[PDB]
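Inspection log for the structure reproduced underneath, given as structure tokens.
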Amino acid sequence: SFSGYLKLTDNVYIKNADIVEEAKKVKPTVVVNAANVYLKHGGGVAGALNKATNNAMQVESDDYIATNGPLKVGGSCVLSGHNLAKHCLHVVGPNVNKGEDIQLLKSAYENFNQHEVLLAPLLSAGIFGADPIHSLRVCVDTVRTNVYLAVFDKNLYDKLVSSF
Ligand SMILES: CC(C)[C@@H](Nc1ncnc2[nH]ccc12)C(=O)O
């Protein structure tokens with residue numbers, strides 16, 4: 001039910017929107033979370049998605065970490081999408097503010113290729129500290145499945161489109 005997106009490539013689309021509000025409207029098969037390795041959903045996309053689930057995402061995530069241990073930077077896991085989507089794909093992009101290797105951003109986006117269509121944010125951008133223009137270029141050059149990108153900041157959205 002995706003609507004109002006700008007086509008960037010054969011398989012990549014973009015919209016100025018809060019990913020939480022997009023997930024409530026569309027109820028997609030997969031929503032991507034910008035996770036950390038511990039699945040501690042405090043702020044940014046992860047804190048906003050978790051709050052919209054009334055903390056059910058964090059309770060499920062804590063059980064997953066208690067059983068499996070932490071994810072790898074560049075890795076992912078599939079958990080419930082609760083009231084927002086059928087599934088949530090928690091993907092860990094490198095956090096530049098912590099010295100993590102930006103080359104791991106391509107490995108993070110490769111997780112998207114396991115799903116035919118996804119609603120997603122720009123990985124490693126926002127509070128993770130990487131350049132969003134770089135993140136969109138890695139997304140375009142790595143993901144082959146259909147990805148609908150939601151960018152919250154209007155000013156950044158306009159810059160991403162103009163410089164594409
Ligand atoms: C990742 C980053 C580039 C982006 N953040 C987001 N993008 C989309 N929905 C969101 N909900 C909460 C945060 C958020 C932004 O600052 O525009």
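Residue indices begin at 1 and follow the sequence shown. Note that ligands are numbered from 1 as they come in the structure, with each ligand's atoms numbered from 1 the same way. We use all heavy atoms of the structure for the numbers below, so side chains are in, but hydrogens, waters and symmetry mates are not.
In the hydrophobic clustering, where aliphatic and aromatic side chains (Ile, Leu, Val, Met, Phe, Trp, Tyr) are joined below 4.5 Å either directly or transitively, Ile127 groups with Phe128.
Using a 4.5 Å heavy-atom threshold, the side chains of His115 and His87 count as separate. Using a 4.5 Å cut-off on side-chain heavy atoms (C-beta onward), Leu119 and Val32 make no contact.
Applying the side-chain contact (heavy atoms from CB on, under 4.5 Å) rule to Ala108 yields the partners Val91, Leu123; only residues at least two apart in sequence or on another chain are considered.
Under the 30°/60° scheme for interplanar angles, the aromatic rings of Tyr13 and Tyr148 are found to lie parallel.
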Side chains of residues 42-50: which donor-acceptor pairs under 3.5 Å do they make with residues two or more places apart or in other chains?
| unit_1 | atom_1 | unit_2 | atom_2 | d |
| --- | --- | --- | --- | --- |
| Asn50 | OD1 | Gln58 | N | 2.9 |
| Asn50 | ND2 | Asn55 | OD1 | 2.9 |

Report every pair formed by an N or O atom of ligand 1 and a protein N or O atom separated by less than 3.5 Å, giving atom names and the distance to 0.1 Å.
| unit_1 | atom_1 | unit_2 | atom_2 | d |
| --- | --- | --- | --- | --- |
| ligand 1 | 7 (N) | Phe152 | N | 3.3 |
| ligand 1 | 9 (N) | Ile19 | N | 3.0 |
| ligand 1 | 11 (N) | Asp18 | OD1 | 3.0 |
| ligand 1 | 17 (O) | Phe152 | N | 3.1 |
| ligand 1 | 17 (O) | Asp153 | N | 2.9 |

